[PDB]
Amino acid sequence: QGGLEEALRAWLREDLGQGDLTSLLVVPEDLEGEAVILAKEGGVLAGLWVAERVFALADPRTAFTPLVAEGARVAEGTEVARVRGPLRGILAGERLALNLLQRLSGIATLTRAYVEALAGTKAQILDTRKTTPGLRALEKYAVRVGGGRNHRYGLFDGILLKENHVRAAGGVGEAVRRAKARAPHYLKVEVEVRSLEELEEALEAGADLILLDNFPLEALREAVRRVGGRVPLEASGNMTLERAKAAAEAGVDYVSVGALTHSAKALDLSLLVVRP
């Protein structure tokens, strides 16, 4: 939780304003109907319960029935869910519900592809902070549905020394030391390194976690060897399915992927009313 209810009402208002003028014109007030949400392409479903809430907010008399499980992979033409109740309510919540379902499913679909690519390895997929403003909690949820894990929610709950912090501190060593000197005792100090020398600095300074930023595959393998499992290694930077897989086989423990939320194409879904 985190105020989702309030957010959904605000997004519904964004679209509804004073009311759905088109539907009020051609759909009787007491006309009940049924609609089907169809997948227009293959992928993974995420956000079914969110869509249910959207329709409920539009009109509490609506009933949402999923025909697939949350996180299930479906084929093109598959019936995802059925919605029944006052037709005006269904038509009012349709666009918002679909906008959310398509977006979350899109994220879960790409995440699932990355996770499956890492099958056979101990490596886990992580998200990042490259999320849609206002939708972070929902998008982080989508990642979990896809099979991935969540990295920090923001700048307030995790210590991650990035290149800019290293530059400010005058080096990886200084950054890791300034951090471990006054960091919350319940948080681990992670630092990003861009070369094998910085990796050595990080290990020497006492970093709890080390992020290998844009390491070529050969350097990544060498990093894994040198660390010898002493500290967890995270790989990130311009990640693709092939690169995440390679990094995993090379032996890293985590692969954070910006693409999961920064460039995930929405899953094409539609809602079709059942002819009265």
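One rule holds for the numbers: they count along the sequence shown, beginning at 1.
Can you let me know which of the two, 248-256 or 10-18, has the higher average C-alpha B-factor in the entry?
-> Comparing 248-256 with 10-18, the higher average CA B-factor belongs to 248-256.
In the PDB record, does 45-53 or 224-232 carry the higher mean Cα temperature factor?
-> For C-alpha atoms only, the mean B-factor is higher in 224-232.
Identify, among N99, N150, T78, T121, the residue whose C-alpha carries the highest B-factor in the deposited PDB entry.
-> By C-alpha B-factor in the record, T121 ranks first.
In terms of CA temperature factor as recorded, identify the highest of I107, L155, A183, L135.
-> It is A183.
Going by what the PDB entry lists, where does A175 fall on CA B-factor within its chain: lowest, middle or highest third?
-> As the PDB entry reports it, the C-alpha B-factor of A175 lands in the highest third of its chain.
What third of its chain's C-alpha B-factors does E192 belong to: lowest, middle or highest?
-> Middle third, going by the recorded CA B-factors of the chain.
State the tercile, meaning the lowest, middle or highest third, of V273 with respect to the CA B-factors recorded for its chain.
-> CA B-factor rank for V273: middle third.
Rank-wise, by C-alpha B-factor, drop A142 into the lowest, middle or highest third of its chain.
-> Tercile = lowest for this residue's CA B-factor.
Taking the chain's C-alpha temperature factors as the reference, tell me which third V27 falls into: lowest, middle or highest.
-> It falls in the middle third of the chain.
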